[PDB]
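K.L.:
Experimental structure and sequence below, a few questions after.
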Amino acid sequence: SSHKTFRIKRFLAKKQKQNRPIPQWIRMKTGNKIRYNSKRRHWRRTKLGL
Amino acid sequence: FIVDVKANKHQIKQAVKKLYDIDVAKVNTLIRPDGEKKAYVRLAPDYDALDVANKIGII
Amino acid sequence: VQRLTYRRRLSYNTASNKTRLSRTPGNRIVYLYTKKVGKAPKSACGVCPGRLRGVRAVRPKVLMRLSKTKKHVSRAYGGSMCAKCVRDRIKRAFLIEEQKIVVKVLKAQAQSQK
RNA sequence: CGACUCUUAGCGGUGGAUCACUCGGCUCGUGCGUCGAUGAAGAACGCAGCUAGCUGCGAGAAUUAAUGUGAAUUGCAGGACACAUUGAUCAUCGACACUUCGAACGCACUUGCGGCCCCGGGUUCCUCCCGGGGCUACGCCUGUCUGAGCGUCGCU
RNA sequence: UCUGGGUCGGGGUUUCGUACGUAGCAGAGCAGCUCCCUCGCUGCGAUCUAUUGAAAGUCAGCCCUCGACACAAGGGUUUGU
RNA sequence: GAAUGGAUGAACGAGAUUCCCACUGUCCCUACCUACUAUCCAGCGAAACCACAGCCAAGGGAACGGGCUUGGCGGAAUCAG
RNA sequence: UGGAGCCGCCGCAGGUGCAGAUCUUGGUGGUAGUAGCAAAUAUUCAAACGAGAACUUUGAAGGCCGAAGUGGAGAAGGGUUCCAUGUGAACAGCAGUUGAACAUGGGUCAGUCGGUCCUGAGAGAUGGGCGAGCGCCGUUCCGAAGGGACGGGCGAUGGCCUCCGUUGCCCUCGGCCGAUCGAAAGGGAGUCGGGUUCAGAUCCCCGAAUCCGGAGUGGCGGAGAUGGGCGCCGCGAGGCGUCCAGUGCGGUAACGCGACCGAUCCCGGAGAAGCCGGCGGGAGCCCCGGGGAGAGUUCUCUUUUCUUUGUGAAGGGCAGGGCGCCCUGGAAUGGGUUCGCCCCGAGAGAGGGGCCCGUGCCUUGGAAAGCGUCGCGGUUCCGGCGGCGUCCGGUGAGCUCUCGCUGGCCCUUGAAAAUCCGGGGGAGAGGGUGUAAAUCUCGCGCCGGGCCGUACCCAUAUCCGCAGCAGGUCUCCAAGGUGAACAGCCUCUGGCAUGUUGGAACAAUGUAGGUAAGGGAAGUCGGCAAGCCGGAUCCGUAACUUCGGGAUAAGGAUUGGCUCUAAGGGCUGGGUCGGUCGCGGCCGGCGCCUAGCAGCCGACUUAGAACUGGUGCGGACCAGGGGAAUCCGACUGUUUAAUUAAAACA
RNA sequence: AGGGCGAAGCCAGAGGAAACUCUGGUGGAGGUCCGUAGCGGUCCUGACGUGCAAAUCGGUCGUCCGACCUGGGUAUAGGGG
Ligand SMILES: [Mg+2]
Ligand SMILES: [Mg+2]
Ligand SMILES: [Mg+2]
Ligand SMILES: [Mg+2]
Ligand SMILES: [Mg+2]
Ligand SMILES: [Mg+2]
Ligand SMILES: [Mg+2]
Ligand SMILES: [Mg+2]
Ligand SMILES: [Mg+2]
Ligand SMILES: [Mg+2]
Ligand SMILES: [Mg+2]
Ligand SMILES: [Mg+2]
Ligand SMILES: [Mg+2]
Ligand SMILES: [Mg+2]
Ligand SMILES: [Mg+2]
Ligand SMILES: [Mg+2]
Ligand SMILES: [Mg+2]
Ligand SMILES: [Mg+2]
Ligand SMILES: [Mg+2]
Ligand SMILES: [Mg+2]
Ligand SMILES: [Mg+2]
Ligand SMILES: [Mg+2]
Ligand SMILES: [Mg+2]
Ligand SMILES: [Mg+2]
Ligand SMILES: [Mg+2]
Ligand SMILES: [Mg+2]
Ligand SMILES: [Mg+2]
Ligand SMILES: [Mg+2]
Ligand SMILES: [Mg+2]
Ligand SMILES: [Mg+2]
Ligand SMILES: [Mg+2]
Ligand SMILES: [Mg+2]
Ligand SMILES: [Mg+2]
Ligand SMILES: [Mg+2]
Ligand SMILES: [Mg+2]
Ligand SMILES: [Zn+2]
């Protein structure tokens, strides 16, 4: 909005940190079932806890 | 710098002075959209920033 | 023609968001935001509709800054009340007290008579 | 013969049935039967050398101490350590620690405003200013102190 | 190779209605300058006359050229009593 | 049929009628033109619907058949409508 | 084929056998390479990159949005979409060398811009009451609802216990009014110019400011305030002794001057006010005439056409506005005067002043900075460095904003509070003749201002409508032409690539436009649809009527281009003759345009006339078809979001 | 936006013996008219109708100083608003 509270800004920050894709060294771990992050949120489609 | 989010400019100023034996003109904080309070810290004109920068490691 | 934008995040044209055009030394017309128009104080009498003389009509929280002389005038009831209403108050307050004395005299004569 | 269409079979696709597995469930039973103002449950935000999620933890943050164990952890790095030494790594968990909201407690929910005591810079108690610390919810009980009343008396 | 069809050009046909430019003693008036001459000279000025049935278009699905220019046995797939 | 209001009424109405003047392709009676489609192509590419299917006449039949009976008949694969 | 378990018999047990349930879950066809990728005028040429170009980028051309924008900025909402580099799998309904995709990194800086404080409609604890109860009501009502202050006293400590603080106690005084919450558009002190980034700037840098708080010991000046008397001594300037005065002064007045003590208490003001009209002043922009600097045009013409031609805040000065301020004075033959009014013995005109605003000029700022040009320095890096210039005037029912005055409307009268000041009072305090307490302090000096927001989009692609959806979604700015005009049409500034594709054809059906001989509603439920009409000026205007209307009634005429005419305004000027003093002044006498005349400027309209054209002329754009009657409802208003706008409701 | 109509009040002139009346101005009233933005939504029973759209589009329309339009805040909640 460009007029944020601090509460909201911090919320957004964490959401922004969560988006990154898996580190590829994770795929090489021993008992690995994970191939892709599957919790990736694109701003244009799917619109936050808000 | 990156600074702890709870800090006042007063605290930062006092920290910067304490750690690096330095002295500050002014501190000028903001908050990164990421979460880490950044701090621009103007040193007083008796001091050169590149000289301290070399002391602390960065360049 | 150079059109222009507001300089603050207040979009709406309001009592708060009033402006004026100014040419800078950079030779660009720029909005400057303008200070509200202060009023001279009206009289303590309350009948004289005209506002007071010799007072800097300025937004009241400024008065703080101003010198005493700007804020008033050298008279009894100075910068609170218009002259006319003082010199009527004066002679009223005098003439009233002269009649009160006359009634006191007529009372005292009536006591001495009875 | 030609193309096309139909039928059957071979092989290949599509699709994920079937079968075989099962660190999950469902049911029945046994023992114990423990949360919280010494701040619960729940929420938030953090924390990894490279880590997004799940988990694990709290600015001592994938954990500290202790005790037991006795050479690993390991995706890659890097390292440590003398594994003839409190000693890697797990387990236990009695010591320590435990950010912010939350019954949630100075008052407010902006993360905004405060008061009062002490400490360091600031002064040289000069109050300011900055930083730190400790108090500052409501209700209620036992006492304590200060009181109020043409409430009931006594003495003056 | 009835030497050919094509592009450009030229005629014809036809549509519209007389181009630009130049000239004019045409032009309601006005102005500047003077030789204040008012037909003085010079300029502005819709429009008008002449050059001028002019200009412009006319196969793209109009007609004739045999003028100019190139280009014209070339390619691919077929099929048998 | 009389404030279940009766009778009226200038102004007003995207309100309901009727006629006249004008005007018109509304019509007699249709025609031509333009643009975007539809069309063919490259690329891309859905859906509803679907017992099996899909030429008729008559008959009977749950009294209007694609299928049955008796007749007519029947020729790949398709395109635009 | 597969690669790890499985069956026969005798008994027992059951979630035990499918074609159907518009059955459930998953998958797959035909339909079909079909429908379809048609709203909003538009693309073309060359080059670059590149494996590859209809689509990227650059250049050139042709087009559109046409300042009520397809431009430039916000609010809400989004939440990293912003910027850069790289990728070409998927996604962006063709493609893509591209993107808001994907992957790497970057990126939001404040005492002054906002939150923050205030109160609004309202919300909501306590006390009190209700309530089986979680609770509810209630917000001044069934409250002992103030913890503060001043001055005095007494005690205690901390300090050069000096003097002052700090606290404890005692007295003294004190109405409130409800704790609290409630506005990124209300109220609310104080920041502006230039530069700077791939992306941030009133936030960074440079420079100029500014407010608020503190400032003790008071950092400094200045004010308070340094008179007057008497007595001596000294030639005199003066020196001493001693007596009083001194909480500033000026103006007839409006009121003024840099400061000019002062408590609880009281009064007042400011904050703090609707809409509409008219008129005036000030800016921004437009316009015109010229100066320059650079342009384009130049076949002919054009002293050309085009661009560009600056000064922040804060101070000081001065115009220019306004005054319902004062003094003089006394107005009928009544005057003054506005576009309109409106004012006058409760004081008009006339003269002189006082105050307020001064966003306008000048100046400090400030030319050093910016812009425009010409020119160099540097392979480079370089915010390099120089020249020149940044001028003078005029216009206005012009538009935008604004300040101001003055009306009109109301059975409408148009916010509170925080905060800030003024005045009345006079409890106190000050030192004793060089100083004091005092500065709603004057000028200077010192120190501080924390916390959170700050990227970008803001919409025919960052929001909501399942999507890059023809929908929806609050504002600011707002050029030239034509014209009544923010109408439409064309243009510059800025912006785009025709709205999720291209190519070739030009059949039928359509959708959207047009045109039609003769007739003119014969069509049809019905003139539905389209057509006529349309602007302006000049005439001319009926029935009826609530006398206001009807009314653009109806019905007529004119309209172009060109060349002329007439009519509408401002400014300035005579005090000439004589004298004398320095073309200018001062004095005295004539003159006295008192029918005014002379020179110099400048918008724009209106009427009339000539001539002229293939009768065309509101040439596009814009832009009423009328008439007679009936029914209903007086009217304006409202209504079924998405089939009913009416005669229904009001 | 821009136009139209031109209510009270005001001025002058003319008449009138008075009462007052006429003529020309000025003035700018109004849930006044036209008409933009805005708000709406009449008709084409137009387009669309597996849409652009789970109500949109085009022209044509109503209204456009007032019972006007509109952001944010705030109040009213289900036999309730
Ligand atoms: Mg969205
Ligand atoms: Mg405000
Ligand atoms: Mg004064
Ligand atoms: Mg097969
Ligand atoms: Mg499965
Ligand atoms: Mg009856
Ligand atoms: Mg009756
Ligand atoms: Mg009846
Ligand atoms: Mg059948
Ligand atoms: Mg196996
Ligand atoms: Mg079973
Ligand atoms: Mg089955
Ligand atoms: Mg097709
Ligand atoms: Mg932008
Ligand atoms: Mg980008
Ligand atoms: Mg694609
Ligand atoms: Mg508040
Ligand atoms: Mg006067
Ligand atoms: Mg921004
Ligand atoms: Mg925009
Ligand atoms: Mg198009
Ligand atoms: Mg295109
Ligand atoms: Mg689009
Ligand atoms: Mg016809
Ligand atoms: Mg018929
Ligand atoms: Mg008929
Ligand atoms: Mg019609
Ligand atoms: Mg009529
Ligand atoms: Mg009748
Ligand atoms: Mg009605
Ligand atoms: Mg409806
Ligand atoms: Mg309707
Ligand atoms: Mg329809
Ligand atoms: Mg259809
Ligand atoms: Mg489309
Ligand atoms: Zn008065």
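P.N.:
Received, thanks. Numbering: from 1, shown residues only, chains lettered A, B, ... in the order given. Ligands and ions are numbered 1, 2, ... in the order given.

K.L.:
any idea how far residue A:15 is from residue B:33?
P.N.:
Residue B:33 sits 10 Å away from residue A:15 when distances are taken as CB to CB, to the nearest Å. To be clear about C-beta, it is placed using only N, CA and C from the backbone, and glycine gets the same treatment.

K.L.:
Next: residue A:47.
P.N.:
Distance from residue A:47 to residue A:15, by CB to CB: 11 Å.

K.L.:
These two - which one has more neighbours?
P.N.:
Using other CB atoms under 10 Å in any protein chain shown, the more surrounded residue of residue A:47 and residue A:15 is residue A:15, with 14 against 8.

K.L.:
which residue sits closest to that one, ignoring its sequence neighbours?
P.N.:
Setting aside the residues directly before and after it, residue A:15 is nearest to residue A:48 in space (CB to CB, 6 or more residues apart in numbering or on different chains), at 6.6 Å.

K.L.:
what residues does chain A put near RNA strand G?
P.N.:
A:1-6, A:8-9, A:12, A:15-16, A:19-21, A:40-48, A:50 (CB under 7 Å from any atom of the strand).

K.L.:
Next, count neighbours for residue 6.
P.N.:
This is for chain A. Using other CB under 10 Å, residue A:6 is surrounded by 9 other residues.

K.L.:
ah, I was thinking of chain C
P.N.:
The tally of other residues near residue C:6 (other CB under 10 Å) stands at 13.

K.L.:
Fine by me, we can end here.
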